[PDB]
There are 2 protein chains.
Amino acid sequence: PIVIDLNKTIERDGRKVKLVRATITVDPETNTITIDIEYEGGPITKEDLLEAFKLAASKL
Amino acid sequence: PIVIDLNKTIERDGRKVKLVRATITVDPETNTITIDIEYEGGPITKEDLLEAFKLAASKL
């Protein structure tokens, strides 16, 4: 269970999304990476989750 | 269902891992990003999956 601090905000389309943490779950047997993303902000969307998906990778 | 071409190889610790594709599944209702990673190469590990996890984010 890999944990990454983000501490970055995204104000996309008027939605405040202050990022908190990214909990990465890597499973080498199914070739799958699962990413839990905690944020303290307004309603999140699929476009915003890809942004925090970019940020989590840039921090490791 | 987002699909990203990778076409990059990783020879970490003597394991050839030629990357093929990354199938991203974003779920805004559980704050989870699921990543399927197809590769044509030797045995993959958790360290190698994080590398293709970095590459998939860098391509979008």
# chains A, B, ... in the order shown; residues from 1 in each chain; ligands from 1

call {"tool": "residues_around", "arguments": {"residues": "residue B:6", "least_positions_apart": "6", "cutoff": "12 Å", "atoms": "only C-alpha atoms", "output": "VMD selection string"}}
result
chain B and resid 17 to 23 37 to 40 51 to 60

call {"tool": "interface_residues", "arguments": {"of": "chain B", "to": "chain A", "cutoff": "7 Å", "atoms": "only C-alpha atoms", "output": "list in words"}}
result
residues 26, 27, 28, 31, 32, 33, 34, 35, 36, 37, 44, 45, 46, 53, 54 and 57 of chain B

call {"tool": "select_by_dssp", "arguments": {"residues": "chain A", "states": "alpha helix (DSSP H)", "output": "PyMOL selection string"}}
result
chain A and resi 46-58

call {"tool": "select_by_dssp", "arguments": {"residues": "chain B", "states": "strand (DSSP E)", "output": "ChimeraX atom specification"}}
result
/B:2-5,9-12,15-27,32-41

call {"tool": "atom_distance", "arguments": {"atom1": "atom CA of residue B:5", "atom2": "atom CA of residue A:5"}}
result
27.6 Å
